Amino acid sequence: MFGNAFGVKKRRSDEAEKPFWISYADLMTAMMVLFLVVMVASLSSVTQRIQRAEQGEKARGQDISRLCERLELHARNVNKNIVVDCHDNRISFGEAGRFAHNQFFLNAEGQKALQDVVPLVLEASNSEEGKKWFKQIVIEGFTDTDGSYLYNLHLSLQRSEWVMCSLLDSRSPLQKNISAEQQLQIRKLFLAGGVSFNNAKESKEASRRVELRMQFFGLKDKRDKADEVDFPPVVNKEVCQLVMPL
Amino acid sequence: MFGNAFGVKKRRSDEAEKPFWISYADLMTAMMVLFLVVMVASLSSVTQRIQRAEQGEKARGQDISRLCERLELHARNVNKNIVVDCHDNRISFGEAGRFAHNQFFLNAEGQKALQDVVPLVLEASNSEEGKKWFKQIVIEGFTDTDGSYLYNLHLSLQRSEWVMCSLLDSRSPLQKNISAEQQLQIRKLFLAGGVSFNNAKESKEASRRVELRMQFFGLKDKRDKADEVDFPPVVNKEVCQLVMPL
Amino acid sequence: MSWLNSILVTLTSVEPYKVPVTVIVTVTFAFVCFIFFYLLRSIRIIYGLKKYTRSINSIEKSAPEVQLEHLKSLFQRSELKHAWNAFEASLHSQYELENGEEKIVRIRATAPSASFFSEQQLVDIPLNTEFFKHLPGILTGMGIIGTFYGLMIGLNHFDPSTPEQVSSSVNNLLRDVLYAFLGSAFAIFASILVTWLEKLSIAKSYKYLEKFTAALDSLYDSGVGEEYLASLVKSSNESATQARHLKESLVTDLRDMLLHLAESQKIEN
Amino acid sequence: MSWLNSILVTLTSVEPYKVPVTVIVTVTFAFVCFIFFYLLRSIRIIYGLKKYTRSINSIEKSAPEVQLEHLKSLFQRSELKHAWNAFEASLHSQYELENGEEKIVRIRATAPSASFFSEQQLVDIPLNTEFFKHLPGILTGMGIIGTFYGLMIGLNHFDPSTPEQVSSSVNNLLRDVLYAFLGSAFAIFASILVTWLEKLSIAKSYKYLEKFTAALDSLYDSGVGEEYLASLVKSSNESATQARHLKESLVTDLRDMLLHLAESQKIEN
Amino acid sequence: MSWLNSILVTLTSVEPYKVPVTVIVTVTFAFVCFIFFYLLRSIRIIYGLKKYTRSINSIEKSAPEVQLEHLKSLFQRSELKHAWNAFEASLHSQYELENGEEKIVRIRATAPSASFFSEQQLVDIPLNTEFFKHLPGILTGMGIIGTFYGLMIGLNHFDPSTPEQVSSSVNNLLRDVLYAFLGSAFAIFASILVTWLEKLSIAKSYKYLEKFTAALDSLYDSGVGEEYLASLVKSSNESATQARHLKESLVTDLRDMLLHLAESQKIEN
Amino acid sequence: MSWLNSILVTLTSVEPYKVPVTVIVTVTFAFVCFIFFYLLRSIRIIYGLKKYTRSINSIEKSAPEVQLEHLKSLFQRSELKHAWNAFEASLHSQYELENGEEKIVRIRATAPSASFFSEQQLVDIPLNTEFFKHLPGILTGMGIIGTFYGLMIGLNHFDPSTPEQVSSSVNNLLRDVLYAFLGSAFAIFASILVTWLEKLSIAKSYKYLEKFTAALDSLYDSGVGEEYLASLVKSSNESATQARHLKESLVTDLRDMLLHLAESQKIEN
Amino acid sequence: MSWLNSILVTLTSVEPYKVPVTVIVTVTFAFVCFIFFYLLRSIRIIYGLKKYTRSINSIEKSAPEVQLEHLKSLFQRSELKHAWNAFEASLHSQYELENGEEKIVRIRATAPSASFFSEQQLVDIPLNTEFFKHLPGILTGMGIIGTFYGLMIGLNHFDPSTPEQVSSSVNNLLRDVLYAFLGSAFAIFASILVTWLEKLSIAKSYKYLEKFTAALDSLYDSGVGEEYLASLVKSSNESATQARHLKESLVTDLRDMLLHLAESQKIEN
């Protein structure tokens, strides 16, 4: 009663907004955008890695196929007896490559074809595709599954040795035709391979054949000087081991 | 003067956290979660083929490691001379495989090691892991680049032919403890041939050695049936054509 | 840390679907509690205030004692009995003499009715407004927790060992995110529904309580102290005048007695 | 359980465009309700307050009875009738005896005008500000609900079973997120607009209500109790001396009376 | 600045599991502080207020002096000592002379008991409600700091250099997100739980404080100045009346005594 | 639906730079409006309050009249004329009769000056604080609208459907998000700037309004009703004492007069 | 628009480490200002209030003039000089007649001491609480601005053209946002610390201001007006009784002198 009706009012202060859910929401907007950017960027990057690897393998395959195509065309240009199969990366002799019983040497046509195909392989390895993917040349010997296994194996080994002699015999035309650098390239490329007995259709004339096939690097493989064996310069002629009366 | 001492009042009523900010924090958290999970799903889907290929490659590696460990344990249990290098799938006979100059023979230790390791590899290949991932056994030949190429390569091929003979020659101790099926398996799973040049060792005598190197099927090959061939049953005992008395 | 892994494997051991079922059930239970303890209470309060206002308006043309008796019986057996007792203790009854005894001719208010029938005591305390005004934030927070816990379950069970295990884990994570979306949507929907109902109820309650207190204030007038002071001032002025008049009348009358006594003495002599 | 999966299938079966449409329609309806029940109502209140203030300023120099009757007529066919009745009941009328009758010479205020024409009764309750100050939160909540629902639909549609289908699935999911964000942004924009209009209306209403109550307060003066007490003190101080003077004058008159009586008795003897 | 680079490189290397552990430990400490400083104290205050209200209701029918003694003994030992002293100082004791002694026959309230047993002094200051109403936000801020930091660590560690490393990167990122979401989940659940507990306790505290102050207010009635003024106005009216009556009676007595004196003088003559 | 699709096409067809530009322009306009209508207005109010306080303190030792006309000339020609008129109507002038006229010897305060120079009328209504305390929230909401709408624009641009153009879509999305966050950061910056300035201004305005009110309060003293009541009590005590003393003196005078009359009668006899 | 790209190149050309250092320096400056202008000031206010309460409690038993002079000397050289002057002007001194002089025997309180030593004047205005209660929001806003700026820096330099560029851009963006969130986490920690310190300081300031005002209030008793009114009512009753008794005594004595005069005149006759 003894107070005053004309008193002071509004004795209340405005509250401050709580700032922590605001911080939560704004920082979470930033993190949401971070995750969206990472999602789109990572998807693009991973897809680009996959597509780049696929297109690199495709480009390598196309270049290898082109190298096989040009090698086959050159072989046809030189001599029509050479059969080149790009579907398995192999070069085989149609008729000249056949062998008979107790035979370790090719016929005259076979020797001529063997001498003629080598410079074509040198040109193939001298190309850019050759510098990128060309690998060594293995030689596989084939003989009929019948008869003595050891006799057939020894005969195939003898045939392969005679072939590599004709490749590198001093009396052979190749030694007097190629140079030292070409000889070193041949030494790097040509080497001895395994012996197979893939006989079928009872075709003894065709089964007993020897042909050279082409391998290549891997896409994930790395070229290094460790695998690059360099032969010493030729200081003496090479004479073949097996002799004619044998 | 006559002011009312009992007045209408109002306490310090704090207003709640604004609903929009907690709702918006919830929405931003949900969006960040959505983008995270969509990134995970998309990256898993684009790489699921890569993931499957990698899992298959790891499974093949584990199987090959298991086979190598089993073969190495068998070698240790039977013949200490047999040492297997599982890093690169190599079987070595260093001490027993040392080759003297201008010779293709070996001591009795190498013969015992070979005739003891062949049944172990046969039983390893007869197993499911061998029946699923084991290809034929590649014979390794090493030569040096010094001297005459032809003579050294002839020495290497004579060594390989001698090894093949000792594997499959009449009167051999291996043939006394062999069966027809085992002999056929040996003939099928072994191919002869191969020369190589390496400079990873400091000794020229190191290259005068023979090592067994097995190779395995690729993931995309998966044991093609048409590749295999057949051999007629053994009718006469094999006789080596190399010069035993020299 | 081992403790963290143990806590994670225990918390995540829940089936993924029981996290949405929990948020939904917890949010629905909170909504039912809101309906029972706030909305129905507020509806009863509003209805009672309207009925009380009608009763007060019905008694506005009656005698002061009749009005007091009607208001006593109106509030004595209700939850407003303490507020009515305070308000009546604040009332001032003006007594006058009519036919021998003290009779109340007027009742005066010394304080507004809202001082005792306050918004706090009649709305905010019975409705627990200091708690229920924070419920929608609790519901939205319960939605966020459910999102986090479902995602925790999904992420802790991711199995990258095998490609089809990866596919199953991815599908489980996507389903967990769908579950989190559903739970958050439900929680926010319930929160805004609770906000709407709560604020509508509180606005109606304040409006009708103001009507009730305005109806009570209409019965009795204030300012009786000023009237008493004015009466005292008027009485003081008239008392000065009346004292002077009494002195003058007394001296004149004793002049009359003295003259009469002198005349009587003269006649006697 | 399977009930959750069934209600998820039902919920996400709607087309994505129906969600922004529903959000926009509901938010627009709420905005129209805001305009009708709050904004136009506040504009009418402001116009009425300005008109009342202009009317009150016209009788500033009028006689107390003329002012009182003008204010009665102003606030009797109006919604301010209860506040005016309370305020008039709080007014003290000073009567003085002129021409043999008690006539009002001055009207005194015992309480501030805002005590009866308060902010709550004239603004907060008519505008239902206890509800409409939380409407923007409801609008934003509705937008967030729509966004969550659209995210549910889009995530349900997301299923890249093939590496080639990943880009299309991501693009479709981003489109669904776009729809949901459209709903959210419309709701947030409407909430901001409602907040702006509401706060501006409250500010203007409080300004003009204060002007109105200042116009009412300026008509009548307070402090009548203090001057009543001052008059009482003056009357008591004067009455002490008046009693002393009355006693002295009575004694002197009695002395003169007794002297005259003695002289008359001497003459008679 | 190399110092910032060093700090960056030294906190990229923080193990991700240590962030949820820190968040959980800090939030647990905050919750224990909440329990000790707010919840237990609020429960104690509520129990004390209920005991006080029961004690006050036990002397509703007692004499004023024994009521005063009982309340003095009730409050002189506890923290509500100065509040009771102020409330008692605001009380007015009415005295009536009985058997030659002045005894208190009635005690009157001049101010509401809530002005001395205020919500601030009795609840808000003791419970630090001003701060603890911000504790849920503090927990939310701790959660956002931990969560953003953990998600950042996971994102820095996420870098698929080739498509073959995507699986392990995804697994590690999911583990990191699991840590961050655990921290956020606990912090937000603790925030919600603290909100619930503190709002419920503060609502109960306000309710029982209102009950206590209402029990105090019902003991003594207000409006003693109004009845004093009414008694003064009455006494003034019968004071004028008794002055007139005393003047008339004195005139009658003087007339009769002068007639008796005249008769005696006549007899003597 | 064609309507929603057309709406989306219209919204997403705008140049993405127009979103941050619109947000920045609207926020800058709101900031300039805040500076014009709040900051400069508050500075002028503070300067005027300082000047008024300096003027008031200059008449601290002046006569009550001189103070009254000084305060009339200082206020009745300014925006505080109504507040001064109310405060003066609350002032009580104590009159004393000296040299045959009634002059003011003292002016007493019946109400505090803050009741008439209130914080509302003098600061909050001219500054429109009921609106400007919510402006930072509006600015932040506008930034959030810009964020949402820029995210919609960016997600609309993200639809490569070809690996060749994926990088372009990512670039556009990054740019649009950059725009959205530019707008949001500017809005938050202006929000906190407005908060800082408005809170500092309101604090200083309250400080100097309190100083001004204290300056007015120091001029006049309160409690005149208490000293009037004390004077009345003292006068009633002295009135009882003087009544009995005047009765005794009247008895003595009557005795002396009757003895003198008896002596005169004896002389006559 | 060229202007937008120009300001986006200027703002994103800042080294990323300069965002955390700017945020930390600005937040540290705000925190140091808070400590200097709020926390230390509040500590000094609390210490001074404790010292004042100790001084006031030592003059509880002193004579009213002595304790009045002690309080006078306690506050003139203080910041509470104006508040004490207002409080002392509001005091009512009661004088009694001892040894022919009017000396103060009791000093009464017409208004509570809190009405002058108010929370505003003594705590809120000195501490600028109208501003500092919004400081945590400002610190949080500055942290958010820092994070958004680091995000913009990271986004503006993103190069998604090639996978290696994608990886480097992601690394740079995460690094920039990590700097920014260092700043933001510092801001949030400072906001939490400021919230705790500010709320605790305001709590203790209010608690000890209440203790101070309660100590002041206990020195001077209120309710002197009701005592004066009760004394006036008692004096009115006693004065009516005294008037009746004085009239009866006057009649009896007048009978006595008339009988004495009759006897004397009979003897003379």
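Each chain carries a letter (A, B, C, D, E, F and G) given by its place in the written order, and its residues are counted from 1.
Criterion: contacts are C-beta pairs under 8 Å (C-beta built on N, C-alpha and C of every residue); 3 or more make two chains touch, one makes a residue touch a chain.
Trainee: Pick out whichever of the two, B-D or A-D, is joined by more C-beta pairs in contact.
Mentor: B-D
Trainee: As a quick test, compute the distance in whole Å between the mean CA positions of chain E and chain F.
Mentor: Roughly 28 Å, centre to centre.
Trainee: Express in whole angstrom the distance between the two chain centres, defined as the mean CA positions of chain B and chain E.
Mentor: The separation of the two C-alpha centroids amounts to 82 Å.
Trainee: Take the average of all CA coordinates in chain D, do the same for chain F, and state the distance between these two points in whole angstrom.
Mentor: Here the centre of chain F sits 17 Å away from the centre of chain D.
Trainee: Among all residues of chain C, which ones touch two or more of the remaining chains?
Mentor: As it turns out, chain C has residues touching two or more other chains at 90, 110-111, 120, 130, 134, 137, 141, 144, 148, 151, 166, 174, 177, 181, 184, 188, 191-192, 195, 223, 225-226, 229, 232, 236, 239, 243, 250, 254, 261, 265, 269.
Trainee: Please output the residue numbers of chain B that touch at least 2 other chains, ranges allowed.
Mentor: If we look for residues of chain B contacting two or more partner chains, we find 1-2, 4-6, 9-12, 14-15, 17-19, 22-27, 29-32, 34, 36, 38, 40-48, 50-51.
Trainee: Applying that definition of touch, give me each pair of chains that meets it.
Mentor: By the stated definition, chains touch in these pairs: A-B, A-D, A-E, A-F, A-G, B-C, B-D, B-E, B-F, C-D, C-E, D-F, E-G, F-G.
Trainee: For the complex, which residues does chain C have touching chain E?
Mentor: 1, 4, 7-8, 11, 82, 85-86, 89-92, 94-95, 108, 110-111, 120-121, 125, 128-131, 134, 137-138, 141-142, 144-145, 148-149, 151-152, 155-156, 158, 160, 166, 224-225, 228-229, 231-232, 235-236, 238-239, 242-243, 246, 249-250, 253-254, 257, 261, 264-265, 268-269
Trainee: Would you tell me which residues of chain B are touching chain A in their complex?
Mentor: Listed in rising order, the residues of chain B that touch chain A are 1-5, 10, 12, 14-15, 17-18, 21-22, 24-25, 28-29, 31-32, 35-36, 38-39, 42-43, 46-47, 50, 138-139, 141, 145-146, 148-151, 153-154, 156-157, 160-161, 164-165, 168-169, 187, 191-200, 229-232, 236, 238-242.
Trainee: Given the complex with chain D, which residues does chain B contribute to the contact?
Mentor: It comes out as residues 1-2, 18-20, 23-24, 26-27, 30-31, 34, 38, 41-42, 45-49.
Trainee: Using the touch definition from the top, list the residues of chain E that touch chain A in their complex.
Mentor: These residues of chain E touch chain A: 110, 134, 137-138, 140-141, 143-144, 147-148, 151, 155, 158, 160, 162-163, 166, 222-226.
Trainee: Which positions of chain F touch chain G when the two form their complex?
Mentor: 17, 20-21, 167, 170-171, 174, 177-179, 181-182, 184-185, 188-189, 191-192, 195-196, 199-200, 202-203, 206-207, 210, 214, 217-218, 221-223, 225-227, 229-230, 232-233, 236-237, 239-240, 243-244, 247, 250-251, 254-255, 258, 261-262, 265-266, 269
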